[PDB]
Structure formats: structure tokens, C-alpha cells
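Chains as they are written, first to last, in PDB author numbering: chain Z, 4 to 59; chain R, 4 to 113; chain 2, 1 to 46; chain N, 2 to 118. Quick reminder that beta carbons are idealized off the backbone N, C-alpha and C, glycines included.
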RNA sequence: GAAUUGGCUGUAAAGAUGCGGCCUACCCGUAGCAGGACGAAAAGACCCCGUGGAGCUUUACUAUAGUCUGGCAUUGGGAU
RNA sequence: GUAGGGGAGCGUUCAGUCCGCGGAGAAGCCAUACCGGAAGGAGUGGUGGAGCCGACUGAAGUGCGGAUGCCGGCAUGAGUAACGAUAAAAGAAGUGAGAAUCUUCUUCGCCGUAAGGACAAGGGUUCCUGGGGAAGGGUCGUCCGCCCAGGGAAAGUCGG
RNA sequence: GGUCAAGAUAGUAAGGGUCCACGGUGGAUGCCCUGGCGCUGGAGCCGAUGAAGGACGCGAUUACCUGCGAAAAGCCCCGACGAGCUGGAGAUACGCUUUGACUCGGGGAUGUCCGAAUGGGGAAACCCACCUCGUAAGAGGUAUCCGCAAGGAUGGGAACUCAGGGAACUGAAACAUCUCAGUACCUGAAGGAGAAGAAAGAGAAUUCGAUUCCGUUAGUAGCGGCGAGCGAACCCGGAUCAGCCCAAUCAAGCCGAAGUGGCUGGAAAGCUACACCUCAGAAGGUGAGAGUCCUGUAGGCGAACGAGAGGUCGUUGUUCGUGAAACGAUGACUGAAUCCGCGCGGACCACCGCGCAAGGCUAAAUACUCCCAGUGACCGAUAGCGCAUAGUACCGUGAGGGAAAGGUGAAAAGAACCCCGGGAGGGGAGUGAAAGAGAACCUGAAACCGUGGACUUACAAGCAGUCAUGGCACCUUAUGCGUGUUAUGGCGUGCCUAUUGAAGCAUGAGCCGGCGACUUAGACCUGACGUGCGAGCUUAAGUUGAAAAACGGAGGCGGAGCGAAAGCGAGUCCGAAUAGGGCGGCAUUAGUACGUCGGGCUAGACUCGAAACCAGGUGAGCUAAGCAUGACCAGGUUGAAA
Ligand SMILES: [Mg+2]
Ligand SMILES: [Mg+2]
Ligand SMILES: [Mg+2]
Ligand SMILES: [Mg+2]
Ligand SMILES: [Mg+2]
Ligand SMILES: [Mg+2]
Ligand SMILES: [Mg+2]
Ligand SMILES: [Mg+2]
Ligand SMILES: [Mg+2]
Ligand SMILES: [Mg+2]
Ligand SMILES: [Mg+2]
Ligand SMILES: [Mg+2]
């Protein structure tokens with residue numbers, strides 16, 4: 004009922020999509036099993052987060 | 004879909020005859036007829052080759068392998084051609100068989 | 001709500017039936033016409 | 002016999018399309034829009050072609066009167082005195098003569114002064 | 001239709017983002033609002049036009065089912 | 001210079017004739033700064049994998065931007081609105097290439113003149129067992145009413 | 001050169017733009033044929049010994065088609081072919097075959113159930129019986145309609161033919177008669193053809209001689225709100241040609257002439273050097289382009305069995321609309337002669353002339369195309385039928401409607417084996433000329449989605465351009481006459497239609513592709529040009545040849561005008577002769593046939609679009625009702641008659 008008036012352009016649409024860039028996870032090397040895991044989380048690989056928690 | 008049925012699909016050669024190859028590859032090379040397939044105009048000769056693999060996902064010692072196999076051919080070949088090369092024979096007659104014809108060009112023996 | 005189509009075995013058959021379509025000759029007209037029209041099959045098999 | 006439109010329309014359209022370069026968006030890409038752009042393009046081409054001569058007329062004048070005013074004349078005065086000497090049919094492109102060559106235009110100004118008073 | 005799609009005032013087929021002059025205005029989005037895009041939807045259903053159509057009506061025209069009526073046919077006899 | 005009249009021509013298909021070209025590559029397709037008064041036509045390059053220019057004459061289903069025109073494909077809106085009843089879920093355990101969604105356990109909430117049960121009509125293997133994971137399932141899927149195979153239906157008395 | 005000050009000036013790209021390069025998406029275009037289309041010719045009915053069309057079955061494995069049929073992808077006899085075969089089928093297994101399989105012709109033999117269906121019922125392919133034969137298994141009979149009997153019919157068929165019945169839109173620029181048109185539609189009957197036919201005629205010569213068909217007469221004679229419009233027949237030219245009975249060669253098939261070497265190539269049939277056949281160079285196939293490589297072709301042969309009356313009233317037909325309306329035809333009522341007789345000749349009479357009604361049969365010339373063949377200035381995948389097979393999918397209760405559809409390679413050699421992955425998918429290897437063919441397999445356009453590069457863009461008002469100058473980059477029609485991009489300046493109101501007037505806040509349209517609209521027909525009419533003959537010019541149907549065209553003078557147009565006509569004539573008309581209309585003479589104006597084009601007329605007539613109108617059918621499984629037959633209304637309140 005409130006329809007759009009014109010096809011939006013290739014340039015205008017590609018302009019609107021300007022902001023959709025994914026923000027790549029900042030990772031960090033696990034101090035124990037030395038594989039890359041994430042801040043304030045358990046290292047999925049070894050299971051070690053300050054000493055050791057999950058059964059890996 | 005057409006397919007080799009062009010001719011009256013009779014066969015100029017026989018299952019047992021020796022034959023050489025007009026044109027193609029293995030030109031002049033010769034061999035005994037193994038399979039003569041009239042409808043699809045397909046001739047198996049012992050001389051002409053393909054080296055080819057079979058697919059066993061698991062079958063017959065699944066352990067895949069490759070074979071030595073026969074190259075199946077068309078009308079390009081010649082029937083029992085006596086003076087040591089290919090020659091195109093037509094004429095027929097009967098000698099020791101009243102129940103049968105025969106063939107030659109310049110000769111009389113096939 | 002309630003639809004147009006209420007399937008009935010002894011109805012779909014008692015009318016439309018090859019028997020039924022043969023009962024009259026405007027019917028048998030429909031028959032042979034349907035035949036020549038390609039194979040368009042009559043209700044007993046439909 | 003029947004002759005379809007095959008291979009004809011396409012060559013035609015590509016011919017049209019090809020004129021289009023810095024043509025923005027569908028102007029350079031879709032046919033109909035391109036060809037259509039090339040109608041108004043026709044107008045501006047031909048008309049502004051006849052115009053460019055008006056434009057350069059303007060430029061040269063705009064220079065000549067500048068040199069003139071620099072030396073104490075102006076275009077009205079300078080060209081008046083020039084013509085007033087049957088001498089100079091100089092006229093055309095005299096601008097650059099004023100731009101590049103200072104003392105020459107000084108001599109033309111002085112001379113055109115003589116041809117006045 | 002494609003757009004790189006501001007404001008006032010004026011001009012234009014008489015209600016301008018796209019013409020003029022003047023102002024304004026960095027680039028791109030998100031959540032919201034509905035004033036404008038004479039916003040979308042349905043070849044206006046109003047109105048008029050067409051020697052267009054169809055339903056109805058009657059003391060418009062014309063035919064007709066139906067119905068009444070004279071003669072002829074089946075269909076005959078005698079008194080008067 | 002609009003309707004309208006007149007003149008010259010360009011291109012496409014088929015056709016007859018002429019010259020011919022092609023696997024050391026035809027038509028078509030792609031790029032291009034050249035030629036021609038225009039419709040147009042060449043040159044070289046790149047694709048392609050069988051056919052095809054040129055001249056002369058003849059015959060047309062012969063030249064598209066529009067017809068809310070026809071078929072097809074692909075855009076916009078936009079990663080938007082939605083995911084189909086506000087009867088809620090939760091943890092453990094299992095399997096698996098991968099599980100919020102399958103399996104089991106323990107709870108929790110919902111119907112209970114029903115959201116339980118049994119038939120009719122209609123549907124037609126949807127039942128069971130064993131497999132599967134493309135599509136179908138509004139997410140997922142190891143799962144299913146989906147896909148594959150094999151089984152299963154028994155009447156002197158029930159209904160005809 | 002260090003810090004203050006005042007100036008100017010670059011660069012960063014979140015994202016955008018243009019160009020280039022490389023993919024992806026898609027499926028246009030070119031090529032091709034496995035499919036269509038209509039011309040000409042051929043052939044042309046099947047069914048109570050069971051049709052057409054189907055249902056269900058048959059196969060070692062069977063879901064679709066094909067083929068069959070409880071003897072089931074077949075069975076037996078004869079003929080041909082003479083090594084293969086075991087259906088489309090790609091596929092394993094079992095086998096069959098020179099004691100001639102397969103396949104091709106030719107008869108028989110079996111043939112479930114349904115359907116005209118026909119023992120009886122029935123919502124087709126199902127449910128129930130009876131009488132014989134008898135050893136069950138299993139065969140046989142049981143419809144009605146004609147008839148002593150034998151025997152015949154009920155059904156089906158694309159179009160064609162006759163008949164019973166019989167539309168409207170439309171045209172008349174409205175509309176009743178008219179036109180559409182006896183067209184469409186329904187129905188009945190039948191065959192390969194039908195119809196029609198052997199003068200109570202046509203017709204004006206005391207001519208002709210059955211019918212049908214074509215040309216022609218002829219847009220004539222005529223019919224008509226004398227409007228729109230409708231429109232003969234005789235003669236003549238051809239196709240083919242008969243009149244008789246009665247009532248007192250082509251199908252299986254077989255036979256067939258004549259090349260090698262070298263060369264490019266993956267591969268040759270191409271090039272080349274030499275050679276050969278040809279009552280055979282038409283054609284397709286073979287790794288590419290073919291006489292001599294295969295099948296064929298010209299030519300040659302070829303079988304047991306198989307085919308070849310009158311009236312009146314209401315009306316109507318033909319050119320015949322009530323017109324002066326004859327004649328045929330009937331619904332009703334009437335219903336004469338018969339041989340010095342009887343009907344006709346367009347009211348009617350005489351004369352004159354043709355002709356014998358009230359009984360039947362009757363090849364050929366003709367029409368059509370379900371089917372088969374051959375061809376094509378016919379299509380080639382949005383074409384051509386709708387279908388490169390499908391009346392399928394799919395839509396509808398139904399009658400009914402109704403798709404898109406194609407391509408590895410020359411040959412499966414169709415990719416073992418390795419690697420990432422559950423897979424999908426890809427990367428190697430290998431085959432192959434090519435994997436720049438890999439099974440989402442010919443080319444692969446455009447829209448549209450991306451990736452990389454170049455120059456660029458974050459104080460700028462914009463139909464996206466155009467012009468001009470500068471910057472940067474690139475040098476294969478190409479160092480300039482430049483190509484790409486860009487910064488600034490100047491200029492600048494999309495296209496189409498519709499209009500007095502459009503940037504329009506008027507129409508249309510998302511984008512690209514493909515489809516898509518001024519034709520065709522007639523011996524029509526009238527013009528322009530062109531050709532051939534020319535005071536003459538042409539043929540039509542058809543006949544005969546038919547890698548070809550000739551023949552065919554029936555007819556048409558010139559050749560004389562004038563009039564209402566009879567008629568007359570270089571004159572004719574109106575009128576009692578002089579006035580005029582038309583016209584010949586001209587001062588001089590030749591045609592006809594064919595072709596292309598400009599128009600006109602009749603048909604859809606440039607393409608698309610109606611609301612509506614008519615005919616035949618399909619629908620009451622939705623809803624409006626009827627009918628027959630069943631089922632249903634917890635619980636509580638109130639408390640009538642008697
Ligand atoms: Mg709102
Ligand atoms: Mg609106
Ligand atoms: Mg309107
Ligand atoms: Mg209303
Ligand atoms: Mg136009
Ligand atoms: Mg939004
Ligand atoms: Mg939102
Ligand atoms: Mg899913
Ligand atoms: Mg970025
Ligand atoms: Mg009417
Ligand atoms: Mg009318
Ligand atoms: Mg491809």
C-alpha cells in the first residue's frame with residue numbers, strides 16, 4: 004500500500020549494503036594447548052581455562 | 004535416432020573371416036573377425052585396441068584395475084582380401100557347393 | 001468453510017460413468033469424440 | 002520461406018551500445034535507455050558544435066579587451082582604432098598575440114591610438 | 001522510464017526535486033513519522049459520447065405460443 | 001518540416017547462375033582508434049568445431065522500444081515482512097561427519113463431551129521392519145505422513 | 001637551518017562511478033536432425049466366424065512403451081535371407097541357431113474380461129444363473145429385428161455424399177422484408193465414393209438428344225425496402241459417354257561396372273601424381289569434402305501361397321421477395337381423359353412446335369484424405385501439428401482444456417588410481433585430435449551477480465548528456481589525426497503516443513533476449529512504367545508430352561455512334577425540317593496480351609481488444625427445493641385441558 008516508486012539503482016543499493024561488513028573475531032593463542040581460542044571463554048581444543056574445565 | 008541402420012544392414016563380411024582396415028588407424032593392419040554386429044554396423048577385430056578401466060566401488064576384488072580390450076569398429080574394413088592387401092570383391096558363383104555363393108575380384112578364393 | 005467438492009464413489013460413478021455416458025447418445029457422442037481426441041479416458045478408470 | 006530477425010537486431014543494438022562509455026549506469030548498459038540517451042546526445046552534439054565557435058569568439062574577445070584595458074584602451078577603443086586603420090584586418094585570434102607578446106600588443110595599442118587621435 | 005531525486009520565490013499545458021533566480025546543504029546508514037512524490041491498487045462504477053449492449057416495462061412497432069370463431073374433413077340415420 | 005506524394009538505395013532468409021573459401025579451421029560469438037553520404041561494409045586479433053562469403057537475377061513468414069502487447073530468463077524492493085494461534089519448557093543421558101530440533105530417563109505445562117476412544121464417507125500402502133538424507137519439512141534434522149526394498153490384510157455366523 | 005606568524009597545497013575511501021581483465025548466471029545466435037507441414041499421386045470401408053476402443057494379464061530380473069495373448073515379447077505350415085539371435089534397453093544371468101534360427105514376406109492356430117455386448121444384472125472390464133456334452137478338468141448354447149430356410153441387420157469411421165431439421169451475430173453505416181445462408185449445429189441412411197440418369201426435357205433451329213463434371217456464356221438475362229445486394233440458362237469448347245428390365249504389371253528379394261601411391265591431418269572420401277568404369281555422376285553411410293571404400297543406383301532376373309395428372313386453399317423451389325407468375329412441389333378438400341388422346345412452350349386464347357408423366361435398375365467423367373509414396377525459391381527447437389511424441393504432466397464435478405520439450409565423443413575408449421569431504425563438489429592421473437568434449441557434456445550472446453586492476457569521488461543541487469581546456473594512465477586499424485579515465489568551465493526540460501498546446505504532476509513501460517502487425521486470392525476494375533506482336537492482340541478448360549514444353553480459337557478486347565426502345569446509321573436523337581444533346585470528321589491522338597508496381601472492389605483485408613448474439617452439449621458431488629428412508633435435541637424452570 005506504501006509501495007516503492009522506482010527500482011533502486013545498482014549504485015544506491017550497493018551503497019546501502021555498505022555497512023554489512025562482518026567483524027572478524029579477534030582471537031588469541033591458548034596458553035596451555037596452544038591453539039587459537041577466544042577471550043573470556045574456554046579453549047574448545049584443550050578444555051583448559053585457567054587450569055582445566057570441560058572434558059575435551 | 005537413425006543409427007547405422009542406414010544400409011540394408013546386411014553384412015559384407017562374416018563372423019569368421021580375416022579382414023584388414025581401410026582408412027582409420029591400424030590401416031592395413033589385419034585380424035580375424037570376433038564379433039560382427041549388423042544392425043549397429045559394429046565389427047570386432049582382434050588387431051585394433053583400447054586399454055580401459057572398470058569401476059568396482061566394491062565388486063569382484065574391489066581393488067580397481069584396468070584391462071586390455073577390443074576396439075569396436077564401423078564398415079571400415081575389408082573381407083578376406085587375397086593378393087596381400089585390401090580389395091573390394093563383388094561377384095558370386097558356386098563350385099563345390101550348389102547351396103552357396105562365393106566371392107572374389109581378380110581371383111576366386113576367400 | 002465447506003467446499004464445492006465432496007467426493008462420492010457411487011456418485012462420480014452413477015453420472016459420468018462409461019455406463020452412464022453410454023446411456024444417451026449425446027453421451028456416446030462425448031465418448032467417441034473423446035476417443036478420437038487422443039486417448040482421454042472415461043470416468044470408470046478416472 | 003521465412004526470415005527470422007536472427008543476428009540482425011543484435012548487431013544493430015551493439016552498434017548503438019558501443020557509443021556509450023562514461024555513460025552512467027543503465028545509460029551505458031541497457032539498449033533502449035542508451036539509444037534514447039543518444040537522441041538528446043544528438044541534439045547537444047550538433048547544436049553545441051555550432052555553438053563552440055560562439056564560445057571561442059567570446060574567449061578571444063575576453064582576452065583582447067583585457068590586454069587593452071591593461072594598456073589604457075579597451076576592446077571598443079582598441080578595435081575601433083584598429084579598424085580605423087585600414088591597416089589591421091588582424092582581427093582573428095589577436096588574443097594570443099596580446100597574451101604571449103607584450104611589446105607587440107603595446108605597439109598595436111600605440112598604433113591604434115594614432116588612428117584615433 | 002532511468003535517476004547523481006533539497007528550500008523559497010517566479011515561469012512553464014494553469015499545483016515543478018529535474019526551467020529561472022536566490023538560499024541551503026560533508027559521505028553512508030539504523031529506528032521512527034506519514035506532508036509531498038498530483039504516492040500503489042482497479043483502461044472512473046459519477047458525467048457525457050457510441051445511429052454499443054443487455055434486464056424490465058407498456059394503450060411504441062411487428063410477429064407469435066396460447067386461445068376464441070366460420071367453413072371444409074373424419075362425419076352417420078329418421079322424424080320435422 | 002508533421003500527416004501525404006515522389007526518388008534513389010542498405011540489410012536478412014530462401015532460389016537459380018557465376019566465382020570461389022574451409023581441419024594450417026567454416027558459420028556464429030567477443031574486442032577494436034579503419035572505410036563509406038546514411039541504411040552499412042571491410043581489415044587484424046580472441047573464441048569456436050563444421051560449413052560458408054562474394055557478384056547477377058528472382059521470390060519473401062524481410063528489418064521493433066514502445067501496443068497495461070507474447071514466451072523466457074534475471075533484477076528492485078532486502079538480507080526487509082514473515083516462519084501459520086501467547087498449551088511454556090528444563091536438565092541429564094545417548095547416537096552421529098555434524099543435534100536447541102532424533103532416542104531414553106527424570107521433571108515441568110496443556111486437553112480431558114477432548115486436543116481420549118470407535119466407526120462411516122473419502123484417501124490408497126500413508127501400517128509394520130530395515131535402510132536413506134537430494135528435494136518435500138516454513139530453522140535444523142541423525143528425523144517423518146518424505147525416498148528405497150521386504151513384509152503385513154485370513155470370516156458358514158460381522159457389512160454387502 | 002631551529003620556533004612564532006600569515007598563506008596556500010597533497011594524500012586517506014567506509015562505500016560509489018567509468019573503463020579493462022577474468023569468472024558465474026542464463027540460453028539468444030550459428031550448425032545439425034531423430035520431428036512436422038500440403039502439394040501431386042496411390043489406396044480406401046471394418047463388425048455376430050466379436051469391430052472400433054479398452055481392462056487385466058504374459059515375461060529369470062518388468063515399474064513405461066512395444067509385442068502378444070493362459071498355447072501370451074508367442075504356436076504351427078509354405079516362401080525368401082544365410083550368421084547371427086536373445087524387443088524399445090544402456091543391463092547381469094539362462095540360452096537359441098547351418099537338422100537354416102533371427103528378420104522379412106504368405107496363409108492358417110490360439111485368443112482372458114469389457115465394449116454394438118447379445119443368458120440374466122450391472123457404478124464397462126464385474127455379480128448371479130439355466131439347458132445340453134459328460135471322467136473332472138473343460139468346450140458349447142441361451143438379446144431383439146426380418147423371414148419355410150439359407151440368410152440379413154443392430155456398432156464403428158478423418159473428410160467426402162444424399163436426406164429429416166434448421167441458427168444468430170453480421171450487412172443494409174439504425175431496423176422488421178431482405179443479407180448473412182440452407183451457412184454453422186443436430187439428426188437419419190450408405191459407400192469407397194456418393195448423388196444423378198435413359199425427355200410428358202431443354203429450346204426457337206420444324207435445332208438438340210440420359211446424368212454428373214470443367215471451361216464458357218456472364219456480373220450478361222433477370223430477381224430486389226428496384227435498397228444493401230442477389231444472379232441464371234440455351235448455344236458453344238472439353239472430361240467421360242452404356243442403356244437395359246417391366247404393369248393389362250504390382251509386394252518378399254536376389255544380381256550388380258570401375259584405384260593405388262605419395263602429402264597435410266588426430267583421423268581422409270580432401271590435395272597431388274598417374275589410372276579406370278559408366279543402358280550405373282540419384283542418394284545416404286564411412287574419423288574431413290565420397291563416381292571407382294559400404295549400402296546403392298542404370299540394367300537384369302524373381303516364388304509354393306497370396307493379391308489386382310388437374311383445380312381451390314396454405315406455401316415453397318429455380319434469376320422468381322405475389323409480381324401480369326407460368327411450371328415443378330406438396331399439408332387440407334376435391335380426384336378427368338386415354339390414341340381424331342394427353343402435358344408443356346412464363347397470365348390467357350388460337351395456331352404452331354417440342355414431348356408421352358403417374359414403375360424400377362443402371363459402370364465412367366466427380367468429391368474427400370484415416371492411411372501409404374514421392375517431391376518442395378516449406379519449417380528447423382519461441383519455427384514446424386499441441387507433442388523431435390503427450391493428449392502425457394497438469395487444471396476442471398464434468399463436458400472440456402493442456403504444457404515445456406533436442407545435441408559428450410569419430411569411437412565409451414564414459415575417467416582405474418591418488419588427494420580435501422559424510423556427501424555434494426572439486427584438484428591430479430589416464431583416455432582422447434581436443435576433457436579450451438566429463439556426463440547441470442555444441443556453440444554460449446544480453447539482462448543480472450561477483451573477483452582483480454586503472455583513473456577517480458566524502459561543501460554539492462542532479463534527464464545523467466554535449467562542448468571546451470587541464471591532470472593521470474595506456475600505444476596490436478595505435479605516438480597521435482590518438483584510445484581510457486577524470487577535474488573544472490560553458491551549454492542542456494527522458495522517449496513514445498495523444499495534442500491548440502508535453503520535461504510534464506497526462507498515456508504507456510522493471511531490465512535483456514527472442515515472437516510480434518498494410519498481406520494473399522480472382523481469366524475483377526483503373527492507372528504508371530516495361531516487353532511482344534500491332535489494324536489486329538490473346539487464349540480458357542483440356543489433350544499430348546512431362547530433367548522439357550507444345551497443341552488447344554469455345555471465348556474475351558479493339559473495330560460506330562445515337563436512342564426509352566422498336567430502329568437507324570457517319571450519322572442518331574427530341575420536334576410538324578433546321579434551335580440543340582450526344583458524336584464522326586479533328587490541325588492529328590491505334591490496339592491487345594503478358595509482367596512489376598500505384599489504387600479500387602469482394603473476402604478476416606494492418607495487428608491486438610469488446611459488453612454481447614446464436615446453436616449443440618456439460619453441470620443439483622456448491623447452493624435453492626421435492627421425494628423415500630434413517631439418525632439427533634445435557635440439564636433445569638414453567639405447570640394447560642381433562
Ligand atoms: Mg506506518
Ligand atoms: Mg493513484
Ligand atoms: Mg475509461
Ligand atoms: Mg456499481
Ligand atoms: Mg513507435
Ligand atoms: Mg524498509
Ligand atoms: Mg525493521
Ligand atoms: Mg531443511
Ligand atoms: Mg572496502
Ligand atoms: Mg440483429
Ligand atoms: Mg446493421
Ligand atoms: Mg556448453
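Expressed to the nearest angstrom, what Euclidean distance is found between the alpha-carbon atoms of residue i and residue j?
| i | j | result |
| --- | --- | --- |
| residue 51 (chain N) | residue 26 (chain Z) | 57 Å |
| residue 83 (chain N) | residue 90 (chain N) | 8 Å |
| residue 53 (chain R) | residue 75 (chain R) | 9 Å |
| residue 45 (chain R) | residue 82 (chain R) | 14 Å |
| residue 16 (chain R) | residue 65 (chain R) | 39 Å |
| residue 65 (chain N) | residue 76 (chain N) | 7 Å |
| residue 72 (chain N) | residue 53 (chain N) | 29 Å |
| residue 37 (chain 2) | residue 21 (chain 2) | 16 Å |
| residue 55 (chain Z) | residue 29 (chain Z) | 22 Å |
| residue 41 (chain R) | residue 27 (chain R) | 20 Å |
| residue 20 (chain R) | residue 68 (chain R) | 32 Å |
| residue 13 (chain N) | residue 21 (chain Z) | 38 Å |
| residue 31 (chain 2) | residue 8 (chain 2) | 22 Å |
| residue 1 (chain N) | residue 88 (chain N) | Because chain N is modelled from 2 through 118, residue 1 (chain N) falls outside the range shown and cannot be assessed. |
| residue 111 (chain N) | residue 56 (chain N) | 29 Å |
| residue 6 (chain Z) | residue 12 (chain 2) | 48 Å |
| residue 13 (chain R) | residue 43 (chain R) | 11 Å |
| residue 43 (chain N) | residue 15 (chain N) | 18 Å |
| residue 34 (chain 2) | residue 5 (chain 2) | 24 Å |
Are the beta-carbon atoms belonging to residue i and residue j less than 8 Å from one another?
| i | j | result |
| --- | --- | --- |
| residue 48 (chain R) | residue 80 (chain R) | yes |
| residue 92 (chain N) | residue 116 (chain N) | no |
| residue 47 (chain Z) | residue 39 (chain Z) | no |
| residue 7 (chain N) | residue 13 (chain Z) | no |
| residue 57 (chain R) | residue 73 (chain R) | no |
| residue 86 (chain R) | residue 110 (chain R) | yes |
For this session: Could you tell me whether the segment 93–109 of chain R touches the segment 32–46 of chain R, where touching means 3 or more Cβ pairs closer than 8 Å?
Result: Contact fails: fewer than three Cβ-Cβ distances are below 8 Å.
Exercise. Contact between the segment 86–106 of chain N and the segment 54–66 of chain N: three or more CB pairs below 8 Å?
Worked result: Yes: at least three Cβ pairs fall under 8 Å.
For this session: Could I get the ranges of all uninterrupted beta strand (DSSP E) runs contained in the segment 35–89 of chain R, with 3 residues as the minimum, in chain order?
Result: Within the segment 35–89 of chain R, the complete beta strand (DSSP E) runs of at least 3 residues are 45–57, 68–76.
For this session: Would you be able to state if there are at least three C-beta pairs under 8 Å between the segment 32–46 of chain N and the segment 9–22 of chain N?
Result: Because the criterion of three Cβ pairs below 8 Å is met, the segment 9–22 of chain N and the segment 32–46 of chain N touch.
Problem set entry | Runs of alpha helix (DSSP H) wholly within the segment 18–75 of chain N (minimum 4 residues, chain order) | Listed in chain order, the complete alpha helix (DSSP H) runs (minimum 4 residues) inside the segment 18–75 of chain N are 32–72.
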